[PDB]
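> Let me give you the structure first, and then I'll get to my questions.
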Amino acid sequence: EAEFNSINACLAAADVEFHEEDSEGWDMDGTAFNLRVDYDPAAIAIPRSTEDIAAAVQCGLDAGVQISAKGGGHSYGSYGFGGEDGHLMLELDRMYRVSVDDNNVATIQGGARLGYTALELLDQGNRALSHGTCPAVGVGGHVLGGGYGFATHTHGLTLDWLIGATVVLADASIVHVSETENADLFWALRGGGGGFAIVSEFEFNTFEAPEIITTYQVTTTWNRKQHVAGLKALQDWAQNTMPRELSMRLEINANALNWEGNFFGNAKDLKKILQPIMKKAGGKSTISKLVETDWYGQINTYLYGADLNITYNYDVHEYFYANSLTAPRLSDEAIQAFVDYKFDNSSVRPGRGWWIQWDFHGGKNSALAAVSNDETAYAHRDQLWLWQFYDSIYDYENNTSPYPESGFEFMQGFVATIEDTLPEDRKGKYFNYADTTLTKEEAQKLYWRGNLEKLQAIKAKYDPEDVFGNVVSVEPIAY
Ligand SMILES: *Cc1cc2c(nc3c(=O)[nH]c(=O)nc-3n2C[C@H](O)[C@H](O)[C@H](O)COP(=O)(O)OP(=O)(O)OC[C@H]2O[C@@H](n3cnc4c(N)ncnc43)[C@H](O)[C@@H]2O)c(*)c1C
Ligand SMILES: *[C@@H]1O[C@H](CO)[C@@H](O)[C@H](O)[C@H]1NC(C)=O
Ligand SMILES: *[C@@H]1O[C@H](CO)[C@@H](O)[C@H](O)[C@H]1NC(C)=O
Ligand SMILES: [Zn+2]
Ligand SMILES: [Zn+2]
Ligand SMILES: [Zn+2]
Ligand SMILES: [Zn+2]
């Protein structure tokens, strides 16, 4: 029943499922993935249809609270909760239907996750989509912020395949969006992050699951000087040579730097591409993984222990602080400073660990870069690099130190080594790899850069009262 919760009373009246705060359902869906930023929602609705979403939004309006859609709950700032206490949460993971038609167009409900989605696309016509590695990630949050992975260099962002959607607006209206209908909102949904509308169903174009994919890894044994020379070589290569069908990211930690990625082709061809750059990068490295497989195979290569088929039964958690950055080609100062930081300022206590991913995001032959900053809300098409910084506390159940008090300075300083060298307008961050220490003003500029003003105008049109806003989302500001 709706004891002590007027919103639950409204939801019950609308025949919309909800979680009582004293329930196990609340324990699961009301507890953020990142326990460092767990929040307490005002209520939790569990819509099962587009109409249910609209009814729930109306209930939130009646209550005078902000409303946050939660897809897979993998946002680093817990934006499925609104990024703070007190929002009406719409847990969408019960809405995960995936259907591929005879035109190879896939309809995917707003609460579907990557793993389940990938499986369904394969089962339904051997189709594929360009998306991240984590099977638990919600398609919703993923596409709204971009959707980056080992298929991005070859097939762009997840949002580059979106052709339409059925969404619920802040006034509880239900509309369809596409490049030809409510095109401004469609543009905003493709990269604008959260707060524009609540998506009930996404419509995606798809590509045929590749017949062959070669996954690889290069393990280096580089000292400080070699790190710098290697990164400089990889940068020139990334910008002028790296082939369309190859993806790469560098996995970096206190004692290693490994290259890894997928190649939409065979192993023999891949080795002919890697050999030259391995030599140019200064040697001192070797291929540590090189195997041909298929789409299903590559997906299962980057699960890292996570279950592949996840729907509404999800209760995984971590305790960490993350950050990100996007940037153009770097000068020697940025590279040298980054390397110096790894060697001289990355010592952490036992129980704490960190890693960084240096993503080959843009470049001449990157499909992502084949789209201009004006074509979708994604605003980093001009950036060659994307980075993810991850600061984990493994024994968080026993000790979270230095968090929650401090610790942020470690990765903030790591980001600064590179960011400080960039012109103000080129400084960016990737919303899908959120930095919780940012203010709403700072976040908007870093996450959406040159597209922020347009996004704010679109936000003003579709959600003037900021009903769907979170603590760092685009604000309603008309031009
Ligand atoms: C935990 C985790 C995150 C990952 C992982 N791997 C990634 C990868 O390989 N590539 C990436 O580009 N990103 C990866 N991420 C980062 C992010 O967690 C994701 O990219 C997504 O942002 C997460 O989506 P989701 O799980 O849906 O996040 P929520 O916290 O539920 O919401 C995020 C956000 O956007 C809104 N939103 C979600 N769903 C909807 C719908 N249907 N309609 C409207 N708005 C929606 C929220 O309101 C909020 O603002 C790997 C791992 C393990
Ligand atoms: C994934 O789990 C769902 C449960 O909702 C099930 O319906 C589906 O068949 C599973 N897919 C598999 C095992 O490929
Ligand atoms: C990084 O470590 C060096 C030690 O050589 C030190 O001089 C510098 O101040 C440190 N920078 C910080 C605190 O981020
Ligand atoms: Zn009760
Ligand atoms: Zn509470
Ligand atoms: Zn080629
Ligand atoms: Zn400088």
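These residue numbers are counts, starting from 1, taken along the chain as shown.
The way this entry was determined, per its header, is X-ray crystallography, 1.5 Å.
Keep in mind that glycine also has a Cβ here, set from the backbone N, Cα and C atoms.
In case it's useful when we look at the structure, here is the feature table from Swiss-Prot:
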- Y433: active site, proton acceptor (ACT_SITE)
- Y76, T133, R249, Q357, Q388, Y433: substrate binding site (BINDING)
- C10-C59: disulfide bond (DISULFID)
- 37-209: domain 'FAD-binding PCMH-type' (DOMAIN)
- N309: N-linked glycosylation site (CARBOHYD)
- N345: N-linked glycosylation site (CARBOHYD)
- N398: N-linked glycosylation site (CARBOHYD)
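Dumping what the PDB entry says about this protein:
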- 1-4: expression tag (SEQADV)
> Can you give me the Cα-Cα distance between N309 (N-linked glycosylation site) and the residue listed as 'active site, proton acceptor' in Å, rounded to a whole number?
23
> Given a 10 Å Cβ-Cβ cut-off, pick out the one of the disulfide-bonded residues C10, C59 that has the most other Cβ atoms nearby.
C59
> Provide the three-state DSSP residue tally for the expression tag (1-4): helix first, then strand, then coil.
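In the expression tag (1-4), the DSSP-based counts are 0 helix, 0 strand, 4 coil.
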> Of all the recorded positions given, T133, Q357, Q388, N398, which has the fewest Cβ neighbours within 10 Å once its own Cβ is left out?
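Least crowded of the recorded positions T133, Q357, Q388, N398, by Cβ count within 10 Å, is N398.
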> CA-CA, which of the recorded positions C10, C59, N345, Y433 lies nearest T133 (substrate binding site)?
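Looking at Cα distances from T133 (substrate binding site), the smallest one goes to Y433.
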> Can you go through the recorded positions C10, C59, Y76, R249, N345, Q357 and pick out those with a C-beta less than 6 angstroms from ligand 3?
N345
> CA-CA, which of the recorded positions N345, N398, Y433 lies nearest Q357 (substrate binding site)?
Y433
> Based on Cα distances to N398 (N-linked glycosylation site), point out the closest of the recorded positions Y76, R249, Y433.
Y76
> When a 10 Å sphere is centred on the Cβ of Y76 (substrate binding site), how many other Cβ atoms does it contain?
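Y76 (substrate binding site) is surrounded by 24 other Cβ atoms within 10 Å.
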> Around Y433 (active site, proton acceptor), which residues of its chain at least 6 apart sit with Cβ under 8 Å of its Cβ?
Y76, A322, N323, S324, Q388, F389
